[PDB]
Every structure is written in C-alpha cells, then in structure tokens.
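Worksheet for the structure shown next.
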Amino acid sequence: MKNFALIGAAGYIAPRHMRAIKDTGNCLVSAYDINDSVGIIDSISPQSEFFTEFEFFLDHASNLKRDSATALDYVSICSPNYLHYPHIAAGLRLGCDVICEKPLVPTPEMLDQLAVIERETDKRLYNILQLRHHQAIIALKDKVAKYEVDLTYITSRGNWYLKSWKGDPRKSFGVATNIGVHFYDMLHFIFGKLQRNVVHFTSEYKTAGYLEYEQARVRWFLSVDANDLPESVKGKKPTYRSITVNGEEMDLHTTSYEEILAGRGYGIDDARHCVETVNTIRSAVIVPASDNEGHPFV
Amino acid sequence: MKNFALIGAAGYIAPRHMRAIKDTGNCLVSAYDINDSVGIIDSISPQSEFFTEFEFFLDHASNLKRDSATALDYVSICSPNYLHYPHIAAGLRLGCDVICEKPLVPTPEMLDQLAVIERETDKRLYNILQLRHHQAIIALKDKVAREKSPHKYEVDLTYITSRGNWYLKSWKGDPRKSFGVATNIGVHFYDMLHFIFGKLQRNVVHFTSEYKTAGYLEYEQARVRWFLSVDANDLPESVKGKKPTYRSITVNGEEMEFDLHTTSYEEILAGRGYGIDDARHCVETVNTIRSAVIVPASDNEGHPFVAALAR
Amino acid sequence: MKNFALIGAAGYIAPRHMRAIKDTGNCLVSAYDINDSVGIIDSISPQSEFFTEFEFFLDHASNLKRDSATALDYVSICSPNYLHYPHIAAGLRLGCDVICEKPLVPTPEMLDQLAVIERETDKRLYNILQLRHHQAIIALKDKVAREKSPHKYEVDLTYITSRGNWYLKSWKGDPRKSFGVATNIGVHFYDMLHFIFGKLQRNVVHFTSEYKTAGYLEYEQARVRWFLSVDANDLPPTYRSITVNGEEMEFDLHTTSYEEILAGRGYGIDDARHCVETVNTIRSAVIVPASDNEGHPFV
Amino acid sequence: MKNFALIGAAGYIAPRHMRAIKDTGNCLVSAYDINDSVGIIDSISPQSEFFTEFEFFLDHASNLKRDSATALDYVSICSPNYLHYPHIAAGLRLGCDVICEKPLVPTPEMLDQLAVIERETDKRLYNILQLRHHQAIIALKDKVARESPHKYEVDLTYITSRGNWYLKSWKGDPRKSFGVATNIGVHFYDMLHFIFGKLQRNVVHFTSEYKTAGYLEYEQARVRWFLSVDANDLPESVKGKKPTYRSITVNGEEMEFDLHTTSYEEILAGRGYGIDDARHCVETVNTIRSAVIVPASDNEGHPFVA
Ligand SMILES: NC(=O)c1ccc[n+]([C@@H]2O[C@H](COP(=O)([O-])OP(=O)(O)OC[C@H]3O[C@@H](n4cnc5c(N)ncnc54)[C@H](O)[C@@H]3O)[C@@H](O)[C@H]2O)c1
Ligand SMILES: NC(=O)c1ccc[n+]([C@@H]2O[C@H](COP(=O)([O-])OP(=O)(O)OC[C@H]3O[C@@H](n4cnc5c(N)ncnc54)[C@H](O)[C@@H]3O)[C@@H](O)[C@H]2O)c1
Ligand SMILES: NC(=O)c1ccc[n+]([C@@H]2O[C@H](COP(=O)([O-])OP(=O)(O)OC[C@H]3O[C@@H](n4cnc5c(N)ncnc54)[C@H](O)[C@@H]3O)[C@@H](O)[C@H]2O)c1
Ligand SMILES: NC(=O)c1ccc[n+]([C@@H]2O[C@H](COP(=O)([O-])OP(=O)(O)OC[C@H]3O[C@@H](n4cnc5c(N)ncnc54)[C@H](O)[C@@H]3O)[C@@H](O)[C@H]2O)c1
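Chains as they are written, first to last, in PDB author numbering: chain D, 1 to 145, 152 to 256, 264 to 311; chain B, 1 to 258, 264 to 316; chain C, 1 to 236, 244 to 258, 264 to 311; chain A, 1 to 147, 149 to 258, 264 to 312.
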C-alpha cells in the first residue's frame with residue numbers, strides 16, 4: 001500500500017530490497033541505476049519505471065507528487081557508499097522517508113547534516129541494521145542483560167572486488183567502514199557504549215584492532231584476502247566467520270522493512286555510534302598492541 | 001584446460017558462459033565489463049582477473065601470451081550487439097578463437113570483413129546458435145528431410161515477451177545499439193527456421209516499430225508468417241497476467257514442443278560448432294528485415310495479428 | 001551580485017555563458033558537467049565550485065538556499081538537447097530562474113509542462129535566441145515592419161554545416177539526443193523568420209532524413225523555401248545563404269542575451285513556442301510533393 | 001608524411017599535440033577520447049577519424065595497417081596519468097612508436113615493464129620532457145659542467162592556482178594522478194637532474210593534496226622545493242595579477258625564464279627522450295610519493311614551509 005523508489009537497483013543487494021518491498025505488500029514504482037542491466041526487475045515489479053540518469057528519475061518522482069495516490073512514500077538506497085549522502089538528501093527533499101544500506105554515511109558530521117534535512121522536511125532516515133532483528137544476536141543481548155570477545159571475518163574476494171568501487175577508498179571508505187560497520191553496530195547493541203578504540207593494522211585487503219565496551223573486551227580482524235583463511239578452512243568455505251565470547255563460537266531485509274513500516278525503524282540516533290566507531294578507525298593512527306589487545310591473526 | 005576470457009561479464013547472459021566454461025573443464029582467466037557489479041564471478045571462477053577498461057584488459061591478455069601455458073585460447077563475447085564487431089576483431093587479433101553471442105553482427109558486409117580478419121590472424125569466429133543443438137529442433141529437421149512430401153509446411157511463429165520500462169531505456173532499446181526487433185529478438189528463430197526448412201526464397205515485412213514487427217518468410221520447405229513483440233499488450237487474452245511470455249510456433253497447425266549454452270561450448274571444443282558461413286543465412290535475413298520497406302500483406306501472407314492493417 | 005550555476009560547463013558553448021556571467025558583473029558559484037575536463041573555468045571564474053555528478057550538484061545547490069546571500073538566482077543550461085527538460089525542471093524546483101540554450105525543448109507539450117512548473121515554483125524560464133539581438137536581424141525586422149507591400153517577401157534559406165568525423169560520433173549525431181536536423185540545426189533560423197515575418201500559416205516538408213531536410217514555410221509576411229544539411233556533399244566548411252527577394256542578407265551576442273534577461277527582457281516560453289512548434293512539426297512531418305514552386309532549389 | 005593517432009584528444013593539453021603534428025608537416029589520422037566534445041580538431045585536422053570507445057579506435061588502427069601508406073607511425077598520448085601505461089602498451093603493440101605526456105608512468109618497475117614491450121614490438125617509447133629544450137636550462141647545464150668545487154644553492158617554487166574543479170577531476174584522485182609531486186612536479190625534478198647530476202638525498206617535509214615541499218641533494222646542488230595548486234600560497238605581489246608563480250633561484254639569482267612542437271621535431275629527428283632518460287625523474291617522484299615526512303633540519307626547509 002506504500003510506494004517505493006529504489007536507487008542502485010541493478011546491483012548485488014538490490015533484489016533483496018525489491019523482494020522486501022513485494023513481500024510486505026508494497027509497490028516498487030520507480031527505479032534508478034546508472035547501469036541498465038536490471039531485467040531482474042521484471043520478475044518482481046514488472047510495472048516499475050526505470051531511469052539511468054538521476055535528472056530524469058528526479059523529474060519523474062517530482063511529477064508523481066502531484067497526485068496523493070501516485071506520490072512516493074519511500075526512497076530505498078543501495079548505491080555505492082559515497083553516494084548515500086546525496087541520495088538520502090534528495091530522498092528526504094522529495095518528501096519521502098528514506099531506507100539506506102550500511103554504512104549509512106562515513107562521518108558523524110554527515111549525520112548531523114542529514115538530521116538538519118529531516119527537520120526541514122518532516123521526513124525520516126532509516127538504516128538497514130539487519131543483524132539486530134536476528135534471533136541469536138538478541139538472545140545474547142537479552143542474555144548479557152566483562153565478556154571475552156574475539157571477532158574474525160575473512161571473506162574471500164576475487165580480483166573484481168578491488169577493481170570495483172569497493173576497492174576505491176574514496177568511494178567505499180575502507181575496510182572498517184565497508185566490511186566491518188554492522189559488526190561494530192552489533193557489538194554496541196549487545197555490549198553497550200564504547201570507551202576505547204585502537205587500531206593495530208590497516209590495508210586495502212585487511213584491518214585489525216581493539217575495542218573496549220562497558221561489557222566487552224573485543225579484539226577484531228577483517229579481511230577480503232583468501233590467504234588469511236586459517237589452514238583449517240582453506241579449500242572448503244570461501245568465508246571464515248568466527249565470533250567467540252570467552253571461547254564460545256556463537264529475509265532479514267524483509268524483516269527490516271517490516272519493522273520500518275510498523276514505525277520501529279532504526280534512525281540516525283541508532284546508527285550514530287557505529288558511524289562514530291568506523292570514522293575513528295578510518296582516520297586512526299596505527300599502534301603496536303599491548304595488554305594482549307592485538308588479535309591473534311596479527 | 002583451455003583458457004578463456006569473457007567480455008560483457010557483468011550482464012544477464014554472462015553467467016551461462018561462465019558456467020559453460022567451468023562445466024567443460026576449462027578456465028576463465030580474465031573478464032571485462034565496463035560495469036563492476038560482477039561478484040557472481042567468485043561463485044564460478046574465483047581466480048579470474050577482472051577489468052573495467054578495455055585498455056587494461058588488452059594489456060593483460062597480451063602479457064598472457066608470453067607463456068604458452070597462460071595464453072588465451074578463446075575470447076567469449078556477451079556485450080551489446082553493436083560492440084560485437086570490434087570485440088571479435090580484438091579477440092582474433094589477440095591470437096584467440098572467438099565465441100560470440102547472437103546476433104553475431106548486423107550485416108553481411110560485416111561478416112565479409114570479419115572473414116578477412118580470420119584469414120589475417122589465422123583464428124576462427126564461432127557464433128552461439130544454441131537452438132540448433134535442441135533435440136526437438138533436430139528431430140523436426142530430420143522429420144522434414146526424410147518426409148520429402150511435395151507440399152510446403154505452413155508455419156506460424158509468434159513470440160511475445162513482456163518487457164518492462166527498463167528495456168527501452170537500456171541499449172536494447174536504442175536501435176543503433178540493438179539493431180532493432182528482428183535482429184535482436186528474432187535472429188535465432190530465423191536461424192532455426194533455416195536450419196529446419198532450408199534456403200530463404202522470399203522475405204517480406206508488414207509492420208515494424210521499436211516494440212514489435214511482423215512479416216512473411218518463404219523457405220524451400222515452409223511458408224512462415226511471423227510476429228515478434230516485447231509489448232505485454234500483444235499477449236493473447238488467455239495468457240495475460242498468468243504469464244509474461246508467449247511463444248507459439250505451429251507447423252501445419254500443430255504446436256512445436258521445446264544448458265544449451267554448455268552444449269554449444271562442448272560442440273565448439275569438439276571441433277564442431279558454427280562459424281561465419283553458418284551464421285551468414287540468418288544475418289542476411291535480419292539485415293533485409295531491418296531495412297525493408299513495408300508492403301501491404303497479400304495472399305494470406307499476413308500473420309493473424311496484422312489483419313487490420315492497410316492492404 | 002547575482003549567483004549563477006552552469007550545467008554543461010565543460011562543453012563547447014559553455015565558455016560564452018561563463019563570460020556573459022562575468023561580463024555582466026555576476027558570479028558563477030557552481031558548475032556541473034559529467035566530464036571533468038573544465039580547467040577553462042579558472043580563467044573566467046576561479047571561485048566556482050564544480051561537480052561531476054548531479055547528486056552532488058543538487059545537494060550543494062539545495063544547501064545554498066539556506067542563506068539568501070549564497071542562494072542561487074539563475075541556473076544556466078548548456079547540456080545536450082534531450083537533457084534540457086529535466087535540467088530546467090530541476091532548476092526551477094531549486095527556486096531559481098532558468099536560462100536554457102536552444103533548442104529549448106523539442107515539443108510544445110513539453111513547453112506546457114514547463115509552464116506548469118513555472119506556476120508551481122513562481123520562477124521563470126528564459127531561452128537563448130541570440131540572433132534576435134544581431135543588428136542585421138533587427139534592421140530587417142524594422143524594414144519589413146515599415147514597408148507597406150501587400151505582397152509577401154520571397155525568402156530562400158540555405159544552411160549547410162559540415163564538420164569532421166567526430167560530429168556524428170557525438171550526441172549531435174544521435175537522433176534520440178539531438179532531436180534531428182530541423183530541431184538541432186534549424187531552430188534559431190526558424191525563430192529568426194518568425195521574428196521578422198510574423199505568424200506561421202503553412203508548414204510543409206519536402207524531404208527529411210537524419211542528415212538534411214527541406215521544406216516550405218509561409219508566414220504572414222514571407223514565403224520561405226528552406227534547406228538544411230550536415231552533409232558536405234550538399235555544399236555549393245559551411246554555406247549560409249539567406250536571400251530576401253533575391254538579395255543576400257549581410258550579417264558577444266550571448267553577453268547581450270544575458271544583459272537582456274537580467275533587465276527583465278528575456279525571451280520566455282511564449283516567445284520560444286513559435287520555433288519549437290515549427291521544428292516539432294517538421295520533425296514528424298509526412299513529406300508531400302513540391303508544388304506551386306514551393307520547393308527549395310536544392311531538392 | 002608521418003601518420004599520427006592522438007589518445008585523450010578532447011582534453012586540455014591535446015590541442016598542443018594536434019598543433020605539433022600539424023606544424024612538423026605530419027597528419028593526424030585518428031583520435032580517441034571517451035568524451036565527445038572534441039570539435040577543436042576540425043580547426044587543425046579536419047579529416048581525422050574520431051572514436052569515443054577504445055574498441056572501435058583499435059579496430060580502425062588495425063585496419064590502417066593493411067596499407068603502408070595509411071599505417072599509423074606514432075601514437076601520441078595525453079590521457080590521465082594512470083592510463084599512460086596501457087595506452088603506451090597498445091600503441092607499441094599496434095606497431096607504432098609512442099609519444100607520451102609526463103609523468104610517463106609512476107614507478108621504475110613500470111618502466112622496466114614498458115622496456116620489455118619495446119623489445120617484443122621493436123618499437124620505441126618517447127616522453128615529453130620539454131624543459132630540456134628551454135634555451136635557459138641548456139645554458140645552465142653547460143655553465144655548470146665546465147666550471149666548480151662547491152654546490153649550487155637552489156630554491157624552486159611553483160605555485161599554480163587551481164580552483165575547486167581540480168580535486169574533483171582525475172587530477173585529485175591519488176590512484177589516477179599519483180599525487181601532486183608526480184603530476185605537477187615531475188618535469189622540474191627532471192630539469193634538476195638534467196642540470197645538476199645524480200640525486201644523492203631525497204627528503205620530504207610536507208605533503209597534502211594541494212601542495213608539497215622537500216629537499217633534494219644532487220652531486221652539484223642543494224635544492225629546496227615547494228609545489229602548490231593553492232592560490233593562497235602565491236606571494237602577495239602576484240595575488241590578483243597572475244594565477245601562477247614560478248621561481249628558480251641559483252645562488253640567490255633568479256633563473257632567466264611552443265615547446266611541444268620542439269619536442270616533436272626532436273623525436274622526429276631521432277633525438278627523442280626514452281625510458282632511460284625518464285628513469286631518473288620517475289625514481290625521484292616514486293620516492294617522494296611513498297616518503298615518510300620528516301621535520302626540516304639544517305635549514306633544508308623551503309622558506310614557504312615555515
Ligand atoms: N546489508 C547488507 O548485508 C549488505 C550486503 C551487501 C551490500 N550492502 C550495501 O549495499 C550497497 C550496495 O552494495 P552492492 O554490493 O549491491 O554493490 P553493487 O556495486 O553491486 O551495486 C551498486 C549499484 O549502484 C549503482 N550505481 C552506481 N552509481 C550510481 C548512481 N549515481 N546512482 C544510482 N545507482 C548507482 C551501480 O551501477 C550498481 O548497480 C552498499 O552501500 C553496500 O555497502 C549491504
Ligand atoms: N543466446 C541467447 O539466447 C541470448 C540470450 C540473451 C542475450 N543474448 C545476447 O547476449 C548479449 C548480451 O545480452 P545481455 O541480455 O546479457 O545484455 P546485458 O545488457 O545484461 O549485458 C551486457 C553487458 O555488456 C557490458 N558492456 C557494455 N559495454 C561494454 C564494453 N564496451 N565492453 C565490455 N562490456 C560492455 C554491460 O555493462 C553489460 O554488463 C547480446 O548480444 C544478446 O543478444 C543471447
Ligand atoms: N546558442 C547557440 O548558438 C548555440 C551554439 C552551440 C550550441 N548550442 C546549444 O548548446 C548546448 C550545448 O551544445 P555544445 O555545442 O556546447 O555541445 P557539447 O557537447 O560541447 O557540450 C555539452 C556538455 O554537456 C555535458 N553533459 C552531458 N551530459 C550531461 C549531464 N547529464 N549533466 C551535465 N552535463 C552534461 C557534456 O559532457 C558536455 O561538456 C546544446 O543544446 C546546443 O544546441 C547553442
Ligand atoms: N607537458 C606538460 O607541460 C603538460 C601540461 C598539462 C598536462 N600534461 C599532461 O597531459 C595529460 C593530460 O592532461 P590534461 O590536463 O590535458 O587533462 P584533461 O583531463 O583535460 O584531458 C584528459 C583527456 O583524457 C580523456 N580520457 C579519459 N580517459 C580516457 C581513456 N580511457 N581513453 C582516452 N581518453 C581518455 C579525458 O576525457 C580528457 O579529454 C596528463 O598526463 C597531464 O599530466 C602535461
């Protein structure tokens with residue numbers, strides 16, 4: 001019963017948003033991507049408009065406004081990280097609430113600036129933090145309600167990844183922000199507010215550091231280099247995900270959309286800590302570990 | 001075992017080519033597409049190089065030549081239709097056989113120019129004509145040849161395939177990129193009709209727009225009335241809402257019944278498969294249709310969907 | 001003193017707009033082009049911001065609104081023809097008046113739609129018709145107006161503009177971006193004829209293709225036989248001839269255009285409607301055989 | 001008489017190459033740029049082919065090879081810095097000598113790679129080092145070489162105003178431009194080598210996306226240098242009068258200060279500058295790009311660093 005536009009519609013994650021919109025009984029009425037290979041749209045929302053240039057998308061969305069039945073209600077955003085800010089800004093200024101992929105924006109300063117536009121427009125920004133709706137993360141949050155937290159995320163990526171916008175630091179904002187953000191969000195959701203934040207290693211392939219919460223001591227390691235795979239996993243799974251609490255090794266998008274639509278979306282105030290966390294990590298100066306704070310893989 | 005590069009790797013058909021290369025026991029060593037949303041490749045060929053600019057692709061391919069174990073053997077092409085010609089030229093000039101999607105190229109003159117490059121480079125161009133490998137099509141071709149009845153088959157071909165608004169905003173909607181309905185949407189149906197029914201003798205067009213076209217073909221063994229559309233509105237009454245695509249091909253009133266990209270690759274790799282001389286017939290057919298001056302339908306030659314046009 | 005944005009800033013005609021803004025005493029504060037090869041801007045307005053993506057230009061322009069000192073007054077548009085419409089729409093919706101190159105838009109329906117936005121936004125669209133400022137066109141307009149013959153002037157117009165291989169590889173060679181010969185090549189000539197000779201009564205086309213066209217226009221004051229081509233084969244790298252009763256017409265205007273807009277004397281949708289209707293008709297016309305000697309001699 | 005192609009033909013520096021081709025009596029037969037706003041070509045080479053996609057440019061250039069009268073002889077390159085390498089490689093592999101803008105490439109390993117390609121293709125790469133052609137630099141080189150027991154004290158300052166657009170362009174992307182020292186400074190470092198010999202020490206004091214400064218010691222010179230695209234760095238007397246300030250002082254004395267057409271004449275006369283000539287300045291900027299900043303000592307700071 002609500003009308004959505006989808007920006008980034010031809011990319012990897014966009015079909016999950018297309019599916020969420022359909023599965024909550026809603027309508028994708030406009031889609032925009034600078035690449036035109038988007039035919040998957042016909043299998044889900046065959047009557048959607050499509051645009052490859054933002055000028056034409058924006059004019060169409062503005063014309064829809066003239067009729068309360070046709071007007072957009074939401075703009076969903078799955079574009080590259082650096083474009084989230086102006087896509088959100090335009091979405092709010094169209095008179096829409098906005099649903100945006102993580103990382104939401106790179107800096108707390110940008111959050112303050114979007115909160116300005118929220119107030120000017122009377123509209124709201126929501127962020128996909130889908131791990132929070134997950135039954136095991138809540139349980140551990142419920143359960144925790152100072153733990154020994156060790157986090158490894160190593161996800162094999164082929165040569166294409168560094169040739170994509172995901173490998174351009176100015177478009178992606180780096181490993182911590184692009185690959186780690188929702189894992190930092192998760193650690194705050196379980197183990198409260200951050201008190202210390204130190205970085206031991208950083209490259210285009212990988213990153214490693216120490217985070218101290220009210221309730222957790224967290225050592226962390228992120229990588230897109232297959233060679234970081236433990237001997238024990240090479241040859242089998244392309245991804246090694248290991249989160250232990252004191253030693254104990256611990264769809265969602267449609268759910269995320271459900272919560273947003275019911276008025277329980279995650280907004281700027283909710284996204285703020287993790288944006289702060291990764292922003293510090295991005296600019297932080299590397300320092301040799303101590304106190305056994307440095308991830309074992311370092 | 002053989003080394004492949006893939007041009008157009010981020011698009012819709014590309015994963016069929018990646019699967020064909022893997023399933024035939026070969027290796028995709030390099031891929032190129034101007035769009036970088038190509039992560040599907042990791043699920044099939046995790047070790048492939050990837051480029052978004054032709055200049056870097058070409059330097060890498062050239063470096064691979066230095067060692068006979070690493071040199072490319074084939075360049076597969078799934079780019080937009082207008083880019084087939086230069087992609088093929090480049091592939092042959094890199095010292096590779098070339099596998100290219102249909103429509104191969106839009107004109108017979110361009111086929112002649114490609115055959116020159118094959119002679120110069122001593123490499124060969126193959127075209128994907130995957131329906132030729134289909135059992136039912138093979139069966140009907142053989143049913144037709146052995147029956148050698150004295151009357152032509154009466155064939156009605158209708159293929160209406162719903163396209164949303166994105167399709168006409170894409171290259172497939174730019175006539176200078178796609179080369180139009182008959183060439184982009186119809187070429188493999190025309191080739192199938194040739195493969196089964198022999199040489200084309202007459203080629204007439206009754207209607208042509210960016211959405212749809214209709215005409216009449218006469219082959220040695222068939223009279224074919226045809227209609228092609230990407231307009232959902234042309235879907236017959238019974239099919240609408242229930243299904244996006246309507247494909248009907250009747251032969252003397254009876255409806256025809258019918264991993265073919267993998268089979269295509271097997272056949273090429275087995276010393277068979279289809280070159281310029283095989284693709285030539287269909288390219289001539291669509292070249293004529295694309296540039297045809299429309300004529301009024303005579304003689305019961307109009308497909309039933311054009312019945313109300315000026316005559 | 002007025003704040004300008006310029007869209008299409010890295011292109012061929014753009015520096016005339018940059019110089020017009022500077023020379024009238026105003027300020028280019030924002031510029032946007034998908035191509036970043038824009039260094040010329042330093043030599044005319046060293047202080048302009050620049051953007052390569054519409055997303056970023058639009059956010060910046062919106063933010064400028066928050067202070068009346070920094071807010072944009074005008075958005076000037078030098079983009080390819082098919083982009084004029086959405087660029088104009090966005091400009092008006094940012095709260096700016098809009099100055100757009102010819103051809104303004106391809107159809108009168110689009111003019112109606114833009115007049116709707118003018119009313120929604122309380123802003124105005126102006127079109128560059130800079131030939132209207134040329135002394136020779138003004139003198140002929142005044143001569144036609146003063147002379148009292150009941151018989152129309154007989155005008156033959158020929159314009160053949162050939163260019164190198166790059167031209168047809170550009171958006172100017174894509175009929176879906178350019179809108180074709182009458183519209184991209186002819187529009188300012190049809191405007192000039194209207195400006196000098198009054199209302200168009202009859203508009204007929206004798207030949208048309210993606211490369212040349214020819215037809216016959218009858219105005220209140222003139223019978224006009226016209227031929228336009230980008231094909232150098234047609235040359236008798245440019246030939247321009249406008250004859251009035253057998254006599255040859257004898258011939264920075266963009267800075268003048270800007271002075272006139274800033275003076276409240278710009279040409280709006282009502283003024284550009286005539287040439288847009290003329291070219292719209294020509295673009296989709298069904299050809300007719302030339303009769304009554306209405307055929308340009310080149311056909 | 002020689003046939004040229006020009007890659008990057010729609011850009012800022014391109015028309016200087018078009019003029020060099022024309023004024024040495026040669027023919028620009030093909031041009032390629034991803035942007036189509038290139039009509040300046042008609043004023044100089046109205047018969048040139050033009051392409052916006054490399055695939056079509058390459059096919060056309062390969063077809064020209066069929067007839068020795070139409071075959072390309074040279075490919076000239078003025079594309080963004082990161083594309084110099086693959087453009088040069090394609091040029092040599094088409095059977096053409098290549099003329100490439102500075103910075104030639106960013107690393108000495110890339111130079112070694114391009115020399116392999118020279119050897120495989122039997123063609124040559126030449127580079128635009130146009131300050132060597134400057135009467136005033138040639139004079140100082142030989143002045144310096146006939147004399149002196151002592152080094153020359155040199156301060157080099159180059160400040161060239163760039164507005165907001167510059168860092169929005171490829172010139173502002175480190176992975177496309179290779180940074181200020183490399184993009185803006187490389188032909189100065191070459192000049193200093195040309196005149197004062199081998200580099201002994203290379204120290205960097207400041208680096209940002211707008212400017213840089215450091216200290217180079219050569220066999221015959223101690224050189225304090227400062228480069229900037231920030232108009233605020235201009236000396237007060239120049240602000241408002243000119244957008245560029247270029248100063249090279251040698252023992253406190255100001256050096257006494264079309265070069266594209268000259269560079270082309272030299273290359274066509276067999277006196278072009280190759281990989282071996284460009285290697286020194288490529289090494290110098292490669293070091294600067296990767297250097298850890300150190301405080302200035304022993305008065306080695308350029309005054310503008312302060
Ligand atoms: N929540 C999750 O679990 C999850 C998983 C993957 C990605 N993501 C996030 O989703 C976003 C998309 O990532 P992706 O993996 O789908 O990458 P992607 O590169 O496959 O898709 C990005 C899409 O953006 C399009 N695009 C580029 N510039 C554009 C513009 N100016 N306007 C409109 N579209 C433009 C590209 O053409 C592409 O189709 C990123 O922010 C990423 O961090 C989230
Ligand atoms: N055999 C069949 O039955 C069949 C089925 C579908 C498509 N096709 C053919 O396959 C080809 C691709 O069709 P598609 O449906 O996958 O379209 P598509 O638009 O999804 O894919 C095209 C790919 O080409 C890339 N591309 C554009 N310009 C390029 C360039 N200069 N270099 C490299 N890549 C470039 C695009 O980014 C896109 O990823 C067409 O020729 C089409 O006719 C054949
Ligand atoms: N008044 C006159 O006499 C006159 C003369 C020449 C051109 N024109 C008109 O001026 C316009 C420009 O013509 P031109 O000759 O300068 O062509 P051009 O191709 O040299 O310049 C066009 C510019 O638009 C930029 N561009 C493309 N898409 C864009 C987008 N989405 N947003 C922003 N910029 C984009 C292009 O990169 C380019 O720099 C056309 O409408 C043309 O008809 C008028
Ligand atoms: N010798 C000198 O004193 C001097 C002076 C200025 C520039 N330069 C050098 O000249 C080169 C060009 O600089 P510029 O200032 O003219 O920049 P520019 O951005 O104005 O020109 C770059 C051109 O390259 C084109 N381009 C981008 N990608 C391309 C591709 N894949 N293929 C073909 N063309 C492509 C761009 O569209 C543009 O027209 C750089 O290496 C620069 O360092 C040298």
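C-beta atoms are modelled at their ideal positions from N, C-alpha and C, and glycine is treated no differently.
For this session: Taking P86/B and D59/A to be in contact with their CB atoms under 8 Å, please state how far apart those CB atoms are, rounded to whole angstroms.
Result: Contact between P86/B and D59/A holds: their C-beta atoms lie close to 5 Å from each other, under 8 Å.
Exercise. Would you call the region 101–111 of chain B and the region 286–294 of chain B touching, i.e. three or more CB-CB distances under 8 Å?
Worked result: Touching, yes.
For this session: Quick one: using the 10 Å Cβ neighbour count with 16 as the cut-off for buried, is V298/C buried or exposed?
Result: The Cβ neighbour count for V298/C, taken over all protein chains shown within 10 Å, is under 16; the residue is labelled exposed.
For this session: Using a Cβ cut-off of 8 Å (strictly closer), state whether residue 381/A contacts chain C.
Result: Here chain A has residues from 1 to 312 only, and residue 381/A is not among them.
For this session: Would you kindly check if the distance between the Cβ of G278/A and the Cβ of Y126/A is under 8 Å?
Result: Cβ distance < 8 Å, so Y126/A and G278/A count as in contact.
Problem set entry | For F50/C and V75/B, the rounded distance between their alpha carbons | C-alpha separation (whole angstroms): 41 Å.
For this session: Name the residue from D122/D, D67/D, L157/D and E120/D whose alpha carbon lies nearest to the alpha carbon of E255/D.
Result: The shortest Cα separation from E255/D among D122/D, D67/D, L157/D and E120/D belongs to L157/D.
Problem set entry | Integer-rounded CB distance, given that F195/D should sit under 8 Å from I137/D | The beta-carbon distance between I137/D and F195/D, rounded to whole angstroms, is 7 Å. This is short enough to meet the 8 Å contact definition.
Exercise. Out of curiosity, what's the CA-to-CA distance linking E147/A and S296/A?
Worked result: Rounded to the nearest whole angstrom, the CA to CA distance from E147/A to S296/A is 35 Å.
Problem set entry | Segment limits, alpha helix (DSSP H) that includes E120/D | Bounds of the alpha helix (DSSP H) holding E120/D are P108 to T121.
Exercise. Who are the Cβ neighbours of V311/D in its own chain at under 8 Å, not counting the five residues just before and after it?
Worked result: Around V311/D, the same chain offers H206, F207, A214, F227 and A302 as residues with beta carbons nearer than 8 Å, after the five sequence neighbours per side are excluded.
For this session: Give the C-beta separation of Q130/C and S269/C to the nearest angstrom, bearing in mind that I take them to be a contact with Cβ-Cβ under 8 Å.
Result: That belief holds up - the Cβ atoms of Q130/C and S269/C are roughly 5 Å apart, short of 8 Å.
Problem set entry | chain B contacts made by the region 54–81 of chain D, where a contact means CB separation under 7 Å | Residues are counted here when their Cβ sits less than 7 Å from a Cβ of chain B; for the region 54–81 of chain D the count is zero.
For this session: Compare the Cα-Cα distances from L114/A to each of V144/B, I88/B and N63/B and report the closest residue.
Result: Of all alpha-carbon atoms in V144/B, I88/B and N63/B, the one lying nearest the alpha-carbon of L114/A is that of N63/B.
For this session: With a threshold of 7 Å, establish whether the CB of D59/A neighbours any heavy atom of ligand 3.
Result: No, Cβ of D59/A sits at least 7 Å from all heavy atoms of ligand 3.
For this session: Name the two residues that bound the continuous alpha helix (DSSP H) containing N35/D.
Result: No alpha helix (DSSP H) holds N35/D; DSSP gives it neither H nor E.
Exercise. Between which two residues does the beta strand (DSSP E) containing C100/C stretch?
Worked result: The continuous beta strand (DSSP E) containing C100/C extends over residues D97 to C100.
For this session: Report the neighbours of residue 261/D on chain B: residues whose CB is nearer than 9 Å to its CB, in chain order.
Result: Residue 261/D cannot be placed in this structure, since chain D goes from 256 to 264 without the numbers between.
Exercise. So, does the CB of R19/D fall closer than 8 Å to a CB anywhere in chain C?
Worked result: By this cut-off, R19/D is not an interface position.
Exercise. Between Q201/C and ligand 5, is the CB less than 7 Å from at least one heavy atom?
Worked result: As for ligand 5, it is missing from this structure, which binds only ligand 1, ligand 2, ligand 3 and ligand 4.
Exercise. Apart from the five residues just before and just after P80/D, which ones in its own chain have a Cβ nearer than 7 Å to its Cβ?
Worked result: Annotation for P80/D: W171 and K177 place their beta carbon closer than 7 Å to its own, counting only its chain and skipping 5 residues before and after.
Exercise. Rounded to the nearest angstrom, how far is the Cβ of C78/B from that of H17/B, given a contact under 8 Å?
Worked result: Indeed they touch by this definition, with Cβ atoms about 6 Å apart.
Problem set entry | Interface positions of the region 139–171 of chain C facing chain A (Cβ-Cβ less than 8 Å), listed along the chain | From the region 139–171 of chain C, only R163, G164, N165, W166, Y167, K169, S170 and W171 have a Cβ closer than 8 Å to chain A.
Exercise. Counting Cβ pairs closer than 8 Å, one from the region 27–35 of chain C and one from the region 4–12 of chain C, do we hit at least three?
Worked result: Yes, they touch.
For this session: Under 8 Å between beta-carbons, which chain D residues line up against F51/B? List them in chain order, please.
Result: Within chain D, the residues near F51/B are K169.
Exercise. Is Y167/A closer than 8 Å to residue 148/A when the C-beta atoms are compared?
Worked result: For residue 148/A, nothing is modelled; it lies in the interval where chain A passes from 147 to 149 with no residues in between.
For this session: Taking only heavy atoms of ligand 4 into account, decide whether any of them is closer than 7 Å to the Cβ of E53/B.
Result: True, at least one ligand heavy atom lies under 7 Å from that Cβ.
Exercise. With distances taken between CB atoms, is the gap from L94/A to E118/A smaller than 8 Å?
Worked result: Against a cut-off of 8 Å, the Cβ pair of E118/A and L94/A comes out as no contact.
Exercise. Taking just the CA atoms, how far does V300/C sit from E154/B?
Worked result: In this structure, the straight-line span from the alpha carbon of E154/B to that of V300/C is close to 40 Å.
For this session: Keeping to the same chain, check which residues put their C-beta closer than 8 Å to that of residue 263/B; ignore five residues upstream and five downstream.
Result: Between 258 and 264, chain B has no modelled residues, which means residue 263/B does not appear in the coordinates.
Problem set entry | Backbone CA spacing between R223/B and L265/D [nearest angstrom] | Computed Cα separation, rounded: 55 Å.
For this session: Go ahead and pull the three-state DSSP assignment for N252/A.
Result: Coil at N252/A, not helix or strand.
For this session: Kindly indicate the opening and closing residues of the beta strand (DSSP E) around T161/D.
Result: Secondary structure note for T161/D: its beta strand (DSSP E) is the uninterrupted segment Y153 to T161.
Exercise. When DSSP builds the beta bridges, which residues end up paired with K240/D?
Worked result: Note: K240/D sits in no beta bridge, so no partner.
Problem set entry | Span of the alpha helix (DSSP H), counted from its first residue to its last, around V291/A | That run of the alpha helix (DSSP H) goes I281 to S296.
Exercise. Of all the options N203/D, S229/D and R225/D, which has the alpha carbon lying nearest to the alpha carbon of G173/D?
Worked result: When each option's Cα is compared against that of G173/D, the closest is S229/D.
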